[PDB]
Each structure stands twice: as C-alpha cells, then as structure tokens.
Amino acid sequence: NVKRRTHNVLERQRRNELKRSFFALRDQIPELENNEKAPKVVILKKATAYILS
Amino acid sequence: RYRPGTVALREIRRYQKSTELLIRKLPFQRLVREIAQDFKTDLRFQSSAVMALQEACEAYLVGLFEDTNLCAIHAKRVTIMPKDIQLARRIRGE
Amino acid sequence: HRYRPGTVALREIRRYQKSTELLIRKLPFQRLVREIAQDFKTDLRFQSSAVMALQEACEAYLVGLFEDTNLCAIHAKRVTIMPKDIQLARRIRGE
Amino acid sequence: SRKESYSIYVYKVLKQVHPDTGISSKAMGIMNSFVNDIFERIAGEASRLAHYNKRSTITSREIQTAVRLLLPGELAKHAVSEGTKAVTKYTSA
Amino acid sequence: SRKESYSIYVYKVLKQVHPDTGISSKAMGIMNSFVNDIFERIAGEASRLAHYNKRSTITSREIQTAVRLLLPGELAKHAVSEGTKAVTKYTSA
Amino acid sequence: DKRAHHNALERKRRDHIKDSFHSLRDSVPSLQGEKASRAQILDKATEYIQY
Amino acid sequence: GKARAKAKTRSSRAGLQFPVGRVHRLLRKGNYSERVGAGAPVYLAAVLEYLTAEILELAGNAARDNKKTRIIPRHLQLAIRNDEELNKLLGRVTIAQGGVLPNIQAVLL
Amino acid sequence: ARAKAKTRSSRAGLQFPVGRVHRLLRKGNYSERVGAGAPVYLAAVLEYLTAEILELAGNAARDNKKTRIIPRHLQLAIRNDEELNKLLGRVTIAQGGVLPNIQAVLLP
Amino acid sequence: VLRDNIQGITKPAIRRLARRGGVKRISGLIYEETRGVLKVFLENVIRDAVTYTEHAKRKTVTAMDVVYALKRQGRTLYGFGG
Amino acid sequence: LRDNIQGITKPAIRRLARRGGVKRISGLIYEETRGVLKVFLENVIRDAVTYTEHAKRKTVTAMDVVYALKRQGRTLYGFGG
DNA sequence: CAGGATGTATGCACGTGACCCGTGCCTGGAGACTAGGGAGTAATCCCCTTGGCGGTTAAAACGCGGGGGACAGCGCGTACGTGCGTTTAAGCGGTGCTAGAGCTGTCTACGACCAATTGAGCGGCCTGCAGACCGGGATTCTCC
DNA sequence: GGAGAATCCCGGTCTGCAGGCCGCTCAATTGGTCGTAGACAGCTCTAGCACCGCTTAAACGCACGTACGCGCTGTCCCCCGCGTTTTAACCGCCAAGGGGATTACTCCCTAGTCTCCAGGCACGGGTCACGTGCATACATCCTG
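Residues numbered from 1 in each chain as written, not as in the entry; some residues may be left out. Chains lettered and ligands numbered in written order. Heavy atoms only, no water. Residues with missing side-chain atoms left out of burial classes, pairs and counts.

- Per the PDB record, this model was obtained through cryo-EM at a reported resolution of 3.3 Å.

**Describing the arrangement of the chains**
Phase 1: A gap remains between chain A and chain D, which never touch, and the nearest two C-alpha atoms on either side lie 45 Å apart.
Phase 2: Note that chain F does not reach chain G: the shortest distance linking a C-alpha of one to a C-alpha of the other is 47 Å. (Contact = heavy atoms within 4.5 Å.)

**Things to note about the packing of aromatic side chains**
Phase 1: Measuring from ring centre to ring centre gives 5.8 Å for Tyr52(I) and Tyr68(I), while their planes differ by 80 degrees; the resulting arrangement is edge-to-face. Of this pair, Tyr52(I) sits in helix 2 (residues 30-55) while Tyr68(I) sits in helix 3 (residues 63-73); the two residues are 16 residues apart in sequence, bridging distant segments of the chain.
Phase 2: Three or more aromatic residues link up through ring pairs in this structure, and these residues are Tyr6(D), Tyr9(D) and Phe18(G).
Phase 3: The ring of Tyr2(B) is capped by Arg10(B), whose NZ or CZ atom sits 4.2 Å from the centre of that ring.
Phase 4: Seen from the ring of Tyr11(E), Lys15(E) lies directly overhead, with NZ or CZ sitting 4.6 Å from the centre. (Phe/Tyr/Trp six-rings, centres within 6.5 Å; stacked < 30°, edge-to-face > 60°. Helix = DSSP H or I, 4+ residues; strand = E, 2+ residues; numbered from the N terminus. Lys NZ or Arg CZ within 6 Å of the ring centre and 35° of its normal.)

**Structural notes on the side chain of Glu55(B)**
Phase 1: The residue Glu55(B) is located in helix 3 (residues 47-74) in this model.
Phase 2: For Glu55(B), the residues in contact, after removing those within four places along its chain, are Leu21(B), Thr92(H), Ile93(H), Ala94(H), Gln95(H), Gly96(H), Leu77(I) and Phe80(I).

**Some thoughts on helix 1 (residues 11-20) of chain I**
Phase 1: Structurally, the start of helix 1 of chain I carries an N-cap: the backbone nitrogen of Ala13(I) is 3.1 Å from a side-chain oxygen of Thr10(I).
Phase 2: Positive phi appears at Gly22(I), one or two residues downstream of helix 1 of chain I, with a value of about 95 degrees. (Polar contact = N/O pair within 3.5 Å; in protein donor to acceptor, adjacent residues only side chain to side chain.)

**Overview of the pattern of salt bridges**
Phase 1: Residue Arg48(D) is joined to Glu45(D) by a salt bridge in which the shortest nitrogen-to-oxygen separation is 2.8 Å. With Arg48(D) and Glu45(D) both in helix 2 (residues 25-52) and three residues apart, the pair spans about one turn of that helix.
Phase 2: Between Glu40(E) and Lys71(I) there is a salt bridge; the shortest N-O distance is 3.0 Å. Of the two residues, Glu40(E) sits in helix 2 (residues 25-52) while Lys71(I) sits in helix 3, which places them in two different chains.
Phase 3: Via salt bridges that share partners, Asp68(C), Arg90(C), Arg93(C) and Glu95(C) belong to a single interconnected network. (Salt bridge = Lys/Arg side-chain N within 4 Å of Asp/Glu carboxyl O.)

Okay, structure coming up:
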C-alpha cells in the first residue's frame, strides 16, 4: 500500500505543479489579472488568443 | 518471529490513528434489533440510528478498556482481567 | 494486656459506621471555609447553616472517596491505602 | 411572611403507612427535598419531551413517558399504575 | 420544507480565524451539534439564575453569570470580555 | 442517472480542455511539432509570452 | 380503582393526600411549558405520593428494627441504600446526617 | 462602534445571528422575559467558543498536512486542550477517534 | 427471529477495541465479560430510544431518539444532530 | 486567615477512612487527602460565592451551597431545597 | 561487457465524488409605535452574623516499642501471542415492493384568562411524650 | 480453660422537640367566554426492508514456544496501640451592628401588533481534486 500511496502523493504534487503552471500562465495575461478563479478551459482559450495577438 | 507483545504495540498505534468503526455493521444491526425486540416488537431503525449506537457504544467500550488498563497497571500487571473491568465499573458506578 | 494491631481498627470501623456524627471539628473547618472564601470575595458573611451544609458535603464526599480507595488497595492485594489508591480512584471516577 | 412545604402531606402519608410512627423535623426536611427533586425531574423531562416534539402542552402522556424514563425497574411500573389510577378516578363520573 | 443551521456562521468564523482552510460536511454537522449544546447549557443555566432570584427576566447579568459557571479557566474570562464588548458596542448606537 | 449525466458533462469538459491544450501547443514555436506535457505547454506559453 | 367521593378539592376528587392544586400551581409558574393539561398535575401528584409512601414504609421498618418510634435521617439513609430501586433513583444524593451502611469487607476480618 | 450596518449582529460586530438567538431564548421557556442585550451577549459567547475550536482544528489540520477540517481534527483540537476537554469531556464525537497515547509500562 | 447475535461481537473486534484503548495483553475471559457489559449498556440506551419513539407514537427509532437517550445518560454525542 | 487546612488533623482523616471501612492508612494519605479536600472546597465555595455575588448579597446562604452541589451532580438533602 | 526478462518509476487518460458559484423564492428580522408590568431606588426594621470572654474538657500531638505488613527476588507452568491455510460471512452493486414519515387542510375540544367566593393550611402557641443521658450490673469478645 | 476489657441491658432522671389547637390570609375552586393547539382524515413520496449474485477481506481452527502471572520465600521498614503531655474546640453568654427582608413609588424596557424588505435556503450548473488502469522509459539480474 506504501507504493500506491507514493504514486498518489507524487501525482498529487504533479497536480500542484500543474496548478502553479496554470496560475503562472493566467497571471501572465492582463485580461485575466483580476480573474484569479478563471477555469482551465478559459485560461487555455484566452491564452491562445493572447499569444496569437 | 517477533518478540511477543511487539505486534500489539503496532496494532495499538494503527487503531488509535484510524477513525473507522471496529465492530462489523451487519452483526451490530442484528444485535441492536435483537435487544430492541425485547422492549417492543416490529420497530424500524433509521439507518443513522444504528450508526449513532455503534459510535456511542464502541466509544464507551474504548473508554472502559482504557480504565480497565489502569486497574491492571495499578495491580502491577500488564494483562487485563475481569477484576479490572469490575473495579472500573464499580468506581464509575455502572 | 494490649489489643493486637488491627483489632482496634476494626472496633473503630464498627463504631464510626454505627454513628452519624460529624467527624471534623466544627470550628477549624469553619476557619478553613473562611480562608478559602478570602480568594473569591473579600469580607463575606457566612450563614451558620451554609457552614454546616459545606461540612456535611465534604465529609460525605471524603467517606465516598475512602470507600473507593479501599477498593483500589484491595485490588492491589494490599491492606494499606496509599496515594496511588486515591489518585487511581479519582482518575477512574473522572476528576 | 409565609413559606409553603409538603410536610403536612408527608405526615398524612406516614400516618397511613405506619399509624403509630412519628417523624423528626430533619427527616421531614429530607422528605420535603425528595418531593422537590422528583417533581423537578419529572417536570423537566416532561418539558424536554414536549419540546422534543413540537408540542406546547404538558399532558399526562408526557408525564407517563417521563416516569417510565426516570424511574428504575419495578418502581416505574407501580408509579405508572398509581398515576393512571388517580387520573381514572379523577375523570370518572 | 426548511430547517435552519449555524453552518454559514461557523464557516465565516473559520475564514476569519484562518484565512484559508475548508471544512468537511461531517465536521460541519459536529459544529452544529456543538453550537446547539452550548446554547442549551447557557440558556438553561440562565433560567435557573433568574428563577432562584424570583426574576422573570433573563438579562446580560444572568448570561454572564451562566458563562462564569459553565466555562472553565481562561474560556470564562475571555467569553465574558467578548460578550461585554459586544453588548457595549451594540448599545453605543 | 443524473449522476451518470454529470459524469458525462465532466467527460465532455475534459475533452474540450484537451482540444484547447492541443491548440495552445500548436500556438507556441518552442513546442510546434514537439511532444510535451500540459505543465510544459503552460510553462512554455508563460515564458513565451514573457519573451 | 375505587368509587368517587364527592369533594371540592381536586386531591379528594382524585383520591390523593398530595395537593393537586399546589402541583398545578408549581407546573404553571415553573416555566416547564406554555400550557399544562388538567390531568397532568393529577398524574404527577399520584406519582409523588406513591414514591413518598415507599420511602416512609421502608423508613418505618428501619425505625422499628432500631427499636425507635420516630423516623430520623439515619432511618432514611438505611431505607434508601438497602433498596436497589431507591438506591438507583437516589444514587448521587447525599442525605444530611445519614451516615453509611456498615460496610466491612471480608478480606479485612 | 465604527460599524453600523443595521442587522443586530452587525451593530454588535458579530457573525452569529442575534435575531435567531433571540427567538431561541424566547422559545423553550427559559424565562417569561428576555432582555435585548441577552441574545447579543450570548451570540458573542457562541461565536467566541466556535472560533476557538475552529482555530485549534485548523492547527491540527495543518499538523496533518490537510487543507480541510475533518472530525478527527475536531477530536484532537478538543482533547489536546484542557479548557475544552473539561467543557466537552462528556462528549463523544462522530468519527473523532482517540488520542495517540500508550502507557509507558507497555513499551520496551 | 433474531437470537444470540451477541456472539457476533468477535474476539478480534473486542481485541481491537481494547488495543485502541491502549491494552497490550487480553485475558481469554475478557470476551465473555465485555459482551455482558456491552449488552447492559445497549439495553439501557435502546430502552430509552424506544421510549422516546413510543411516546412520539412512531414506529421508527431515529438518530435523534438515540442522541436524546445518550444526552440523558450524560454521554452526549455530536454529528448525528443536537 | 492562613494555614487553616492544617485544621484537618490526621485523626479526622483516619475517622473518615474508618467510615470508609479502611483498616490501615499509609503516611502519604494525609497530605493527598488534604489536597483533594481543598480542591473540592474551592470548587463548591467559588460557585456558592458566585450565586451570592449575582444576588448582590454579602451573605452566603445554605441555598448557595445547595445550588453549587447540584451542578456537580451531587444533590444534597436536608438544608432546604 | 551487451541484450532480454523482469521489476521499478513516470506520465497520460478516464470515471467518481466533492466542492464552489449563481439564480429565484420565501420566511424571517427589523423598524415604528404602543401599553403594561417588572425591576430599580429610597427608607425602614429586625434577624443573624461577627467578635470577644471565661472555664472545662476531649481531642490532638508526641515519643516509643513492637509486630505485621509491604517489597524484591526466584522458579515453575500455563495461557497467551504469533504465523499459516481453510472456511465463512461481510461488503458491494443491483432490483423491486411497501410502511411509514411527512405534509396539508378542516374542525372540535381544551386550557388560558377573568371575576367572585370560599376553606385548607399556614404561623404561633400550649402541652405532654419519646429521646438522650447517667449509674449499676451481667453478658460477650479478646488475648494468653 | 482462665483473666480481663468492651458492649449491652435495665431502671431512673430530665429535657427539647413533636404534635395538636386556634385564628386567619391567600391559594384553590367555581362558572363562563374566547382563541388556539391538537386530533383526525387524506394524500404524496422517501427510506427502509427483503432478496440475489459476486468478489474478497476477516475470522476461525491449529501448532508451536516463552513472557508473563502466580506462588513461595526472605528482608526490612513502616504504622498501630499505648501512655503521657500539650493544645484549642466547645459551650454558654454577652454586645454591636451590617445586611437581609419588606413596602411604597416611579420610570424604562420588553411583549405584542402591523408593515415592509433582505438574508438565507433549496436547487441546478460548472469546476476541481482524487484514485485507478494503461502505455512509456529506466535500473537490476541472468547468459555467454
């Protein structure tokens, strides 16, 4: 069970790293500066638009 | 093979850390309903009522076993015995 | 002649369990109550009946404690009561 | 200035239960406090029962239930019988 | 079909005590049991204090005294200070 | 029934999210044609917007 | 049960020594409920009287056994602690000047 | 006294509902009359005790690397605090478990 | 008809109860003793929960009836109501 | 008024133990007993004085003692109440 | 030393459960006003408590001898703990039927409330009896 | 079987408390009206119960060894019983005054009513975290 727990906590920290990456991308885009609660799909789509612009 | 009593300490720690109920549910439902039938027939029980009974009665027995331990230690034993339960209940007033 | 150690203890147990008197001297118990009261409100007056109620409650409480304590000693296969017995009695009782 | 007590009824009950037997003032005080305590318990439990339900009135059902709860063993059975008998005689005719 | 709970105020207090920490639904049920128990203790004791003194009115003095009687140690002094502040502030306008 | 429908809505949400990630990957030169994780797509999008 | 005796007093009408009126007054003034049913104090008075009769019966027995004609607190304590139901009802109670039962444990003898 | 939004709680500075506490004091027949400052004082007390438990439960939650309070944390918060343990010493807590404690005589 | 379900309180269940309570060694007679104690405790709680149910003219024992029986005995329980 | 807990002499403790049925008393019991008694008295008297102060009296009455003991689960019969 | 079979560590895709946010709706709470009772205040009296005195006495303190008990050590034998393989019943998901809890709506029977009348019982008093107390002796328990 | 001290039984004495009587105020009872709480019929829908098949963990039965519990012994210290001395409680009595109990009067706050609006609830929608299984890449051991 220690192995299962280890995989789970490592993947849990990977999810925390991905959340830091999402929040980093969000904070980079001025349209989302105050919109801290922006959902993943909206961050991706608005980031795509901002990058193309 | 471990020195006797070692696995007991492991168990103590495991069960004190955990929160799930120790007595199996279907047997306790049968026990509660068997006891209730002596007082009144055809009673239904709310699904949460039996859980409240497990929570209280199991926590009560945990508490009683804790005092039961103290009696044995005072008598200079490690092993608990019926005298310990009887002394704990006698001083508690049960 | 001299009565054997423990004979007079049994005689005393018989005597005091037959009696119903207050066992603490009233006046020093009253002085104790007043000393304790000086922590809570300076310069109270105590009704005489309030002192008696306190004394009766305390003596009843201590007799109960000594019954429980005697059980603790006897369970330890010992005749003589010790602070271990009082502490165990109180700890089991939940004080 | 006045104060009311149960001592006269304690005395009557004793006169019926042991007709030649007296009762000291200290025993009378104890009996009086016993009546006070038991009254307070049954009334408190009847109140708790009324308020556990959505009910504003304390009735003989609240009190019968409270007596079944409060009193141990045979004492409950006899007390419940006495209460039921008294209400029956009172409401009869 | 409605029934009230203290959950919202428990949660506001939580957010003010710890700037970021959530609470499970089972823990919230426990907190509601807690609030109702403490209320019943204080309100009941305040009833006693009024009744013993032949008063009809539960006032701040009764609740303050019930708090001193019910809460141990530091909890008493701080609960009294908090209550006094709340009443003084409430009374100031 | 309604539980399975909520699970279906959540499935559809993730599908739209994977499409959005695919579009974003194709939008950043440092990942065009490359194999990358979502963390890499987000981090490279971040450092590419900075750059 | 027993046949009705005509009377003004609710106790006499109920067949009780205990005061139905005073029990009703105490229920009303004691804030136990908003409303108090008419049969409620009759039931309660009967219960209080019954319990009083039990204690006084046992206490008079203890008084006779002590060869005395007046019940005193010692007899009340003896009556309580020798009856299991009363001792369960009054287990936490202290009775002024009652003393205790003569408990000497066999291991001491 | 700086705040003066018109709910009695807000006027007192409390999160707990003063109007609700006032109903609950009028109900249950605690006495014939209830003072206006009674529910205010009482709401302040209930809020203080609630905040105390939630504080300690958050501390316990952080000690277990959790971001959410669970019954285990409430049990630990109470049983590791003498004042709360005296106040709630009779109280069984659903799924609370017990303190991690072992008697020294049982150890090597 | 439900009979003898007290035997369902197994030796391991009692052993876990005791271990959680801090116990290291358990006598073979403790199982017989603990079942008796548990039966007494359950009888006293269930009798009252049934009494509340019967007073309310219900046939279903609720978690609130159990909580009221426990509150009454001085063993108050949180999480099932208040 | 200081050191009045010494007013509880060894014989008083011994007599209370005799009513408790005790044959032999070790020498450490007396100090432990006084500690236990003083704690009990402090709790009861603090509550009695609390009732006295709430009632704005300067005099403690037996009823205050009774109402203090009731809250401890120790109902006392004999002094009113 | 290189490559295959296996075990280990990592990343990706999916389903389950929980949480957070937003919308519409109603009950509940507050605001303004009134009348009424309860509690606050002053003035007064008497009861009870506080304090002190003197003398008598049991009860407390002290020291000593002595006996009985509390304490540590040792060895014997059992009952318990610990580990394996087989058997049993719990736990899970699923399906269907129905008892009862829960709610609404109608109506009568009951208790709150009031004014008027009355007696049970409370407070104080007088009187006599069961209890406590003492002295004297015989019977029973304790120590040899 | 004997000598001695503790306990009880018996008669005689005095006292404080129990028990009964009188006048009386206040709580209990009577009779009626009014509004409400509760009893009752009826209906809807959730929660409880019964049953089934399947997978799997937990309990059961068994054999084996030793930590522990029990009993026995020897030792030394500590508590009791007792006698002698010292200390403070108890009792009875007196005096001073503070503070509990009571009434009479006034004012302020709380209960109740009516009107209106805002906060909290139930519900649905969207997002999130988490655990599980599959595909991929990396490290250890075997063969020659």
